[PDB]
Amino acid sequence: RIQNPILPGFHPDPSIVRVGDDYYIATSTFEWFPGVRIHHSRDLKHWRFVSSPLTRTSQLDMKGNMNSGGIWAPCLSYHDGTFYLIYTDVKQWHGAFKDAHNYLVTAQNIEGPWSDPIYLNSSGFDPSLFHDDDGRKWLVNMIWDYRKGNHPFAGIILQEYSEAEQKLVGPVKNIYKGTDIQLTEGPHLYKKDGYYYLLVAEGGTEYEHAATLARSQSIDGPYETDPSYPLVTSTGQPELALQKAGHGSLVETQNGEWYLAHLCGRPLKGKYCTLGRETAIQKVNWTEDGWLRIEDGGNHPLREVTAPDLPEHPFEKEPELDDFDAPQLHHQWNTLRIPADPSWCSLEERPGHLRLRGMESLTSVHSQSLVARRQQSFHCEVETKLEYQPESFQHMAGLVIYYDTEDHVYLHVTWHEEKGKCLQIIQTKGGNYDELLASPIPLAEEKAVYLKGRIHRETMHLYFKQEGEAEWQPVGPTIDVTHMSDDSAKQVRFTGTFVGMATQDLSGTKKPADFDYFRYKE
């Protein structure tokens, strides 16, 4: 009944939790603002967005963060009326070192106001807070060893957290080193039937990803690993619809049913995940000897999973069109690194329109006037109507298909010394700048411009037309979009393809661009 992925599009490292009859899943967001995405469900089959906790720079300051830095795997927990969110702001991750800082924020309501952060530690990423039944709280995270001849994933560390003193206290202990799959991370503690169960991610978040379970009678170990490890993986099985199965978290329903939420990838052309890592869920059963196993007795993720015995609770479908009539941006919209600010992103300066004022280029990791949403299907259509009056080639505004500063496609309106107002397509691939039209197409100075994109798996095509025109016109060649994916760069990438609006004023005059509406249809 449950159809995976449950959270399609960029939704990695799912952290699931049940509070009464409500289920929540928090996912990583990296450089995209606001930080941490939380979805809600009542039957595990239907899901809806409920909130994004990190909305203030006092909570998350990512200006200048390199691509795929920022918010890595998060942990959402609940205890005695309060929600606990543990997160990481990664400042440096390429190279021998890992500069990552872990924080904790709280709330009484999943959407309710979230507190400013309490700093925890920086010894490694993938932090997780465990609430033991004796009232004590513990933080586990992986420890990173940057030294020359050692495996960097040096294991799982444990240290007690004092809510009273709002800081970690006491000795730190390495409680588990993982298996031969290595790259042990994503630690999560669970207490069941007298055992402390330690779920961990292994093999790297790519095609060798996995989830392995271990247990011990004491919280600090030693931990014994499930002889039948790993619990889930897609490793040497190209036939699986869901690849990269790993980094999961466990939840028990009101009926005593157990489910494993985990990330996965759906590659195009063999290995290109344009949609990034998505969230899937599996039903898992406890074995006679105290371990967990996928419902079919196997070790692989299933695309279709048996749903829990709960009343069906579907949600109202999200609108296909955003006419920008509301004073606040729809929740599906995100910005890069920094929060949207009235100075460059306004819905009140010209009601019914999203006014963006041009800032830095699409290659900047600081301040870009870009607003976009996650592509969540391999087959979709995107369209917007733009009013822009460029006066220089340094003025551009339009429709963007964006992965990062190294890979993006941009159908935009600009100015040419000979043609005046015109249309052009910029494509940056592997960090290499290019223009897909030999010469820009002249546009009528006093007409709004319609921009459209249609994506079908590995390829897409762009279209446009001006106000008084009855038919859409194709523009540029068919474009292979697989370069915008987690797998096409020198090193792994952790986000996914986004679609949206952008404008830059490289002259510095903050030229405004008015987008009348934006449509996203799968």
# chains A, B, ... in the order shown; residues from 1 in each chain; ligands from 1
$ residues_around --residues "region 203-213 of chain A" --least-positions-apart "6" --cutoff "8 Å" --atoms "only C-alpha atoms" --output "list in words"
residues 181, 182, 183, 184, 197, 225, 226, 229, 230, 231, 232, 233, 234, 235, 236, 243, 244, 245, 246, 247, 248, 291, 292 and 492 of chain A
$ residues_around --residues "residue 267 (chain A)" --least-positions-apart "2" --cutoff "10 Å" --atoms "only C-alpha atoms" --output "ChimeraX atom specification"
/A:238,241-244,264-265,269-277,457-458,482,485-487
$ write_last_selection --atoms "N, CA and C atoms" --output "short mmCIF file (atom, residue, chain, number, x, y, z; two decimals), in the first residue's frame"
data_model
loop_
_atom_site.label_atom_id
_atom_site.label_comp_id
_atom_site.auth_asym_id
_atom_site.auth_seq_id
_atom_site.Cartn_x
_atom_site.Cartn_y
_atom_site.Cartn_z
N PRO A 238 21.66 -3.66 -9.19
CA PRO A 238 21.21 -2.61 -10.10
C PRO A 238 19.73 -2.70 -10.44
N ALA A 241 14.69 -0.76 -7.76
CA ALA A 241 14.17 0.56 -8.10
C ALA A 241 14.78 1.58 -7.13
N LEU A 242 14.96 1.16 -5.88
CA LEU A 242 15.52 2.05 -4.86
C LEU A 242 16.97 1.68 -4.56
N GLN A 243 17.88 2.56 -4.96
CA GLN A 243 19.31 2.35 -4.75
C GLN A 243 19.75 3.14 -3.52
N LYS A 244 21.00 2.95 -3.11
CA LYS A 244 21.58 3.69 -1.99
C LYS A 244 20.82 3.59 -0.66
N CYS A 264 17.25 6.95 -0.16
CA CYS A 264 17.50 6.12 -1.33
C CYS A 264 17.70 7.03 -2.53
N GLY A 265 18.06 6.43 -3.66
CA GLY A 265 18.27 7.18 -4.88
C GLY A 265 17.66 6.43 -6.06
N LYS A 269 20.02 6.97 -16.44
CA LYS A 269 21.18 6.59 -17.25
C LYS A 269 22.20 5.81 -16.43
N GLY A 270 21.69 4.93 -15.57
CA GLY A 270 22.57 4.11 -14.76
C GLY A 270 23.02 4.62 -13.41
N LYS A 271 23.37 5.90 -13.29
CA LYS A 271 23.85 6.39 -12.00
C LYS A 271 23.61 7.86 -11.66
N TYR A 272 22.78 8.57 -12.42
CA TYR A 272 22.55 9.99 -12.15
C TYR A 272 21.24 10.31 -11.46
N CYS A 273 21.32 10.63 -10.18
CA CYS A 273 20.14 10.95 -9.40
C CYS A 273 19.84 12.45 -9.43
N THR A 274 19.08 12.85 -10.44
CA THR A 274 18.70 14.24 -10.62
C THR A 274 17.81 14.71 -9.47
N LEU A 275 17.07 13.79 -8.87
CA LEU A 275 16.18 14.13 -7.77
C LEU A 275 16.87 14.05 -6.40
N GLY A 276 18.17 13.79 -6.41
CA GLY A 276 18.93 13.69 -5.18
C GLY A 276 18.55 12.46 -4.38
N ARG A 277 18.73 12.51 -3.07
CA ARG A 277 18.37 11.38 -2.21
C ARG A 277 16.98 11.63 -1.66
N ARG A 457 12.60 12.82 -17.29
CA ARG A 457 13.76 12.01 -16.93
C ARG A 457 15.08 12.69 -17.30
N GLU A 458 15.85 12.07 -18.18
CA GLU A 458 17.16 12.59 -18.58
C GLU A 458 17.20 13.87 -19.42
N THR A 482 21.13 15.39 -16.69
CA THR A 482 21.83 14.53 -15.74
C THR A 482 23.08 15.17 -15.12
N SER A 485 22.97 16.57 -10.82
CA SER A 485 22.65 15.41 -9.99
C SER A 485 23.71 15.18 -8.93
N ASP A 486 23.43 14.27 -8.00
CA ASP A 486 24.37 13.94 -6.91
C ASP A 486 25.62 13.22 -7.39
N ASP A 487 25.52 12.57 -8.54
CA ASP A 487 26.60 11.72 -9.04
C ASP A 487 27.50 12.17 -10.20
#
$ residues_around --residues "residue 43 (chain A)" --least-positions-apart "4" --cutoff "7 Å" --atoms "only C-alpha atoms" --output "list in words"
residues 308, 310, 311, 312 and 313 of chain A
$ write_last_selection --atoms "N, CA, C and O atoms" --output "mmCIF file, in the first residue's frame"
data_model
loop_
_atom_site.group_PDB
_atom_site.id
_atom_site.type_symbol
_atom_site.label_atom_id
_atom_site.label_comp_id
_atom_site.auth_asym_id
_atom_site.auth_seq_id
_atom_site.Cartn_x
_atom_site.Cartn_y
_atom_site.Cartn_z
ATOM 1 N N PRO A 308 0.671 0.306 7.815
ATOM 2 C CA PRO A 308 0.296 -0.050 9.185
ATOM 3 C C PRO A 308 -1.223 -0.083 9.328
ATOM 4 O O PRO A 308 -1.942 0.535 8.543
ATOM 5 N N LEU A 310 -3.780 1.425 10.474
ATOM 6 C CA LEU A 310 -4.261 2.709 10.972
ATOM 7 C C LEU A 310 -5.267 3.278 9.985
ATOM 8 O O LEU A 310 -5.224 2.962 8.797
ATOM 9 N N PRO A 311 -6.191 4.124 10.461
ATOM 10 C CA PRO A 311 -7.172 4.694 9.534
ATOM 11 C C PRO A 311 -6.473 5.563 8.493
ATOM 12 O O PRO A 311 -5.562 6.324 8.820
ATOM 13 N N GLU A 312 -6.891 5.441 7.239
ATOM 14 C CA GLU A 312 -6.274 6.219 6.177
ATOM 15 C C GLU A 312 -6.518 7.699 6.434
ATOM 16 O O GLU A 312 -7.616 8.094 6.817
ATOM 17 N N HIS A 313 -5.488 8.512 6.233
ATOM 18 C CA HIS A 313 -5.602 9.945 6.471
ATOM 19 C C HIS A 313 -4.911 10.760 5.381
ATOM 20 O O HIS A 313 -3.819 11.300 5.589
#
$ residues_around --residues "residue 86 (chain A)" --least-positions-apart "6" --cutoff "10 Å" --atoms "only C-alpha atoms" --output "VMD selection string"
chain A and resid 36 73 to 77 102 to 106 117 to 120 126 to 129 139
$ select_by_dssp --residues "region 269-390 of chain A" --states "strand (DSSP E)" --output "MDAnalysis selection string"
chainID A and resid 278:286 292:294 304:305 321:322 334:336 345:346 354:357 369:374 379:387
$ residues_around --residues "residue 214 (chain A)" --least-positions-apart "4" --cutoff "12 Å" --atoms "only C-alpha atoms" --output "PyMOL selection string"
chain A and resi 156+175-179+187-191+195-201+218-219+221-231+290-292
$ residues_around --residues "region 4-18 of chain A" --least-positions-apart "2" --cutoff "6 Å" --atoms "only C-alpha atoms" --output "list in words"
residues 22, 23, 24, 25, 26, 27, 28, 73, 75, 76, 247, 249, 262, 263, 275, 276, 277, 278, 279, 280, 303, 375, 376, 495 and 496 of chain A
$ write_last_selection --atoms "C-alpha atoms" --output "mmCIF file, in the first residue's frame"
data_model
loop_
_atom_site.group_PDB
_atom_site.id
_atom_site.type_symbol
_atom_site.label_atom_id
_atom_site.label_comp_id
_atom_site.auth_asym_id
_atom_site.auth_seq_id
_atom_site.Cartn_x
_atom_site.Cartn_y
_atom_site.Cartn_z
ATOM 1 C CA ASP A 22 1.226 11.865 14.732
ATOM 2 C CA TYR A 23 4.342 10.863 12.807
ATOM 3 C CA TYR A 24 7.085 13.274 11.740
ATOM 4 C CA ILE A 25 10.164 12.961 9.529
ATOM 5 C CA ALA A 26 12.979 15.501 9.491
ATOM 6 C CA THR A 27 15.362 15.595 6.513
ATOM 7 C CA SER A 28 18.674 17.345 5.757
ATOM 8 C CA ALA A 73 21.759 14.697 8.761
ATOM 9 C CA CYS A 75 17.747 14.326 14.488
ATOM 10 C CA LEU A 76 14.190 15.073 15.602
ATOM 11 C CA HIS A 247 20.897 6.042 6.939
ATOM 12 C CA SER A 249 15.761 5.663 11.759
ATOM 13 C CA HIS A 262 15.717 5.502 5.117
ATOM 14 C CA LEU A 263 17.140 7.464 2.199
ATOM 15 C CA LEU A 275 16.175 14.130 -7.769
ATOM 16 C CA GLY A 276 18.930 13.690 -5.175
ATOM 17 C CA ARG A 277 18.373 11.379 -2.211
ATOM 18 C CA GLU A 278 14.753 10.702 -1.319
ATOM 19 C CA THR A 279 12.963 9.235 1.699
ATOM 20 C CA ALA A 280 11.493 5.736 1.637
ATOM 21 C CA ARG A 303 9.223 -0.056 -3.583
ATOM 22 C CA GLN A 375 11.805 18.952 -8.307
ATOM 23 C CA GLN A 376 9.886 15.940 -6.974
ATOM 24 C CA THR A 495 21.236 17.973 -2.578
ATOM 25 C CA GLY A 496 19.094 17.621 -5.687
#
$ closest_residue --among "A:99, A:67, A:253, A:164" --to "residue 407 (chain A)" --atoms "only C-alpha atoms"
A:67
$ atom_distance --atom1 "CA of residue 381 (chain A)" --atom2 "CA of residue 456 (chain A)"
9.0 Å
$ atom_distance --atom1 "CA of residue 455 (chain A)" --atom2 "CA of residue 382 (chain A)"
8.4 Å
$ closest_residue --among "A:404, A:320, A:21, A:522" --to "residue 428 (chain A)" --atoms "only C-alpha atoms"
A:404
$ residues_around --residues "residue 405 (chain A)" --least-positions-apart "5" --cutoff "8 Å" --atoms "only C-alpha atoms" --output "list in words"
residues 67, 362, 363, 364, 365, 428 and 431 of chain A
$ write_last_selection --atoms "C-alpha atoms" --output "JSON list (two decimals), in the first residue's frame"
[["chain", "number", "residue", "atom", "x", "y", "z"],
["A", 67, "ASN", "CA", 28.02, 23.68, -1.83],
["A", 362, "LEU", "CA", 24.51, 32.06, -10.13],
["A", 363, "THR", "CA", 28.08, 31.10, -9.21],
["A", 364, "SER", "CA", 28.12, 32.93, -5.88],
["A", 365, "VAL", "CA", 27.99, 31.18, -2.53],
["A", 428, "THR", "CA", 26.93, 25.94, -16.50],
["A", 431, "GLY", "CA", 31.69, 24.68, -13.59]]
$ closest_residue --among "A:371, A:240, A:347, A:268" --to "residue 33 (chain A)" --atoms "only C-alpha atoms"
A:371
$ atom_distance --atom1 "CA of residue 166 (chain A)" --atom2 "CA of residue 58 (chain A)"
17.3 Å
$ closest_residue --among "A:180, A:96, A:478, A:331" --to "residue 319 (chain A)" --atoms "only C-alpha atoms"
A:331
$ closest_residue --among "A:282, A:109, A:368, A:491" --to "residue 300 (chain A)" --atoms "only C-alpha atoms"
A:282
$ closest_residue --among "A:297, A:476, A:44, A:330" --to "residue 318 (chain A)" --atoms "only C-alpha atoms"
A:330
